[PDB]
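# Coordinate analysis (summary)
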Amino acid sequence: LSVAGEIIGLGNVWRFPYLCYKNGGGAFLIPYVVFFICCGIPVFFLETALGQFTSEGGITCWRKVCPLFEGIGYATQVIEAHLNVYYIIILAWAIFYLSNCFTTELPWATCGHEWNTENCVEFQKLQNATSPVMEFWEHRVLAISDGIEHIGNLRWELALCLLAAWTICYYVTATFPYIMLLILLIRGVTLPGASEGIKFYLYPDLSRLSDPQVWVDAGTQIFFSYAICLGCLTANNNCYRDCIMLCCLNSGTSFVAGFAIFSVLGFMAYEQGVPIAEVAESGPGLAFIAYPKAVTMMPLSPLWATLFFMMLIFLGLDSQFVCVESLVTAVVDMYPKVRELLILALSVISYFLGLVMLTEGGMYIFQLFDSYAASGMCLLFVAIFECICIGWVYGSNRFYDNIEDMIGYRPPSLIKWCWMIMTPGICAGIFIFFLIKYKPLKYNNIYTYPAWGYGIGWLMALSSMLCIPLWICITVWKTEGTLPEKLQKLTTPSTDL
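Looking at the entry header, you'll see cryo-EM listed as the method and 3.6 Å as the resolution.

### Some thoughts on the packing of helix 11 (residues 212–221) against helix 19 (residues 422–436)
Interaxial distance between helix 11 and helix 19 falls to 9 Å at its minimum, and their mutual angle equals 140°. One finds that helix 11 runs oblique with respect to helix 19. The crossing of helix 11 and helix 19 is left-handed. Contacts between helix 11 and helix 19 involve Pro 212, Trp 215 and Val 216 from the first element and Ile 430, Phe 433 and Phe 434 from the second.

### Looking at the nonpolar core
Core analysis: the biggest nonpolar cluster contains 115 residues, and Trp 93 and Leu 265 have the highest contact counts within it. When neighbours within four sequence positions are excluded, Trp 93 is seen to be in contact with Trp 137, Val 141, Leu 142, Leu 158, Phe 288 and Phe 366. Counting residues in hydrophobic clusters, the runner-up holds 19 residues, among them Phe 45, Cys 61, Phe 69 and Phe 399.

### Topic: unusual backbone geometry
Even without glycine at this site, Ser 55 takes up a positive phi of about 60°. Within the fold, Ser 55 resides in the loop between helix 3 (41–54) and helix 4 (61–64). Unlike most non-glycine residues, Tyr 170 shows phi in positive territory, near 45°. By the element assignment, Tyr 170 lies in the loop between helix 8 (156–167) and helix 9 (176–190).

### Section: the layout of surface pockets
The space that makes up the second largest pocket amounts to roughly 730 Å³. As for the second largest pocket, its lining consists of 24 residues, and the residues nearest its centre are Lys 22, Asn 23, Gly 24, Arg 208 and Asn 445. Contributions of two or more residues to the lining of the second largest pocket are made by helix 1 (11–22), helix 10 (195–202) and helix 11. Grouping the amino acids of the lining of the second largest pocket by side-chain chemistry returns 11 nonpolar, 6 polar and 7 charged.

### Comments concerning empty space enclosed by the protein
There is about 240 Å³ of room inside the largest cavity. If you trace the largest cavity, you find 18 residues lining it, with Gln 213, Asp 217, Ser 371, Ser 375 and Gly 376 closest to the centre. Put simply, the parts of the chain that give the lining of the largest cavity at least two residues each are helix 1, helix 11 and helix 16 (362–372). A total of 5 residues in the lining of the largest cavity trace back to one element, the largest contributor, which is helix 11. Looking at the lining of the largest cavity residue by residue, the class counts come to 7 nonpolar, 6 polar and 5 charged.

### Points about the side chain of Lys 293
Mapping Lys 293 onto the fold places it in helix 13 (residues 290–296). Buried charged residue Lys 293 carries no salt bridge. Nearest counter-charge: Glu 122, at 7.4 Å. Filtering out sequence-adjacent residues up to four positions away, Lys 293 remains in contact with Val 264, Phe 267 and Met 268.

Criteria and cut-off values
Residues numbered from 1 in each chain as written, not as in the entry; some residues may be left out. Heavy atoms only, no water. Axes fitted to C-alpha atoms, helices over the stretch in contact; angles between N-to-C directions. Helix = DSSP H or I, 4+ residues; strand = E, 2+ residues; numbered from the N terminus. Parallel < 35°, antiparallel > 145°, perpendicular 65-115°, else oblique. Left-handed = near helix turned anticlockwise from the far one by under 90°. Contact = heavy atoms within 4.5 Å. Core = buried A, V, L, I, M, F, W, Y, C linked by side-chain atoms within 4.5 Å. Buried < 20%, exposed > 50% of the residue type's maximum accessible area, 1.4 Å probe, protein only. 1 Å grid on protein atoms, 1.4 Å probe; cavity = no way out; pocket = protein on both sides within 12 Å on 5 of 7 lines; lining within 4 Å. Points joined across faces, edges and corners; volume = space filled by probe spheres on them. Nonpolar A, V, L, I, M, F, W, Y, C, P; charged D, E, K, R; others polar. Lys, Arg positive; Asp, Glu negative; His and termini not counted. Salt bridge = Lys/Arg side-chain N within 4 Å of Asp/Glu carboxyl O.

Structure (structure tokens):
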């Protein structure tokens, strides 16, 4: 087969290099492999198999079996609702950058502009060293207003572009991202003084394993393709495409993207005479600094500059479409009568709620949204329970019989063993590790949020996670009358099969 399909997504290009750079580089890899050998693959296989067997996606798949975990279907839905709001701000900045690439000379190549301070060394021929590209990102695209307390005015230029992003509602791109990634990687290796960039990326620092923050983000980063919309399958023909097509390439693509991006960071460190650890911004705008610089230092800069942001827009568009359309079926799941007015109203509310994180102080809010909602500990708690339902309540050996009927072959025994033992155990250990030694989140290792900022983040996490206990309380409340002897009927799966 070896069909291209769509694997690049957006986490590989943007999310992974941003997380790897902030955690020290090589020390980020050891959690990645540890949280991959059977903490990410068997869970993916489990959700795919459960979606295939019941042929239903959403909350009915977790309603047919283990009604204790019907709250997972509700908790998953809240995750997607949180994700859809803050995942469109990425498309906003890309549109703005694309609007400045249709000129003779890009604004970040040179200095001397009104959004540029007097300390702008051209850095192509040393206190207060500052590159023009970072100046363009920090003083023109979004101006951080020194703290979450300050909000300032509303960025009208980004306001229109965000509305342009939300206007789009309801081909040759099969290998277009891959070709551009390959040519960027070819250039990234080529520049002089890029050997130090790879050395920082590969060799790990073993002293960083003590910090709980390094474990939690990578373990949640590997979960970026799960617990949202992969539980709905409509294909059997599952075979073993669990990690032949949908997997084992996402990690490889992330590794290649990190190889390509980190090389350019070495060149900037070489030019500025500063260690690589403190040459760029350790925030979500990392992909908006390294890549534009690489496009700047290569022939035909505008032509290859307009294509990169275009491919980023294309990679965001399908993901946003999938999330918005999948959420609609959850709302219309009851289907009383149903005129696409639900879709029309969902876009307006989502757009009117995204303007909060678009002001001068709205960059900090995007950090709180990214670290806690649709990431952090939210999917760790859900991953603990989703393995428990199949592992113990329903039955792995009886589920293995179902997959032997469907696929035709019995899967290896190790899969179910670590399903039961290590997959929830690793997550529980990491959760307890985080709570034992709490590390408050600091922005760019510069700014520490006030107490109410962590309060808002923890409130988002609680609103994501507390669905299951409430649902089990309600379900136990709706009892026949035998309060001690009532788990029997609940634990029994649906007999409609």
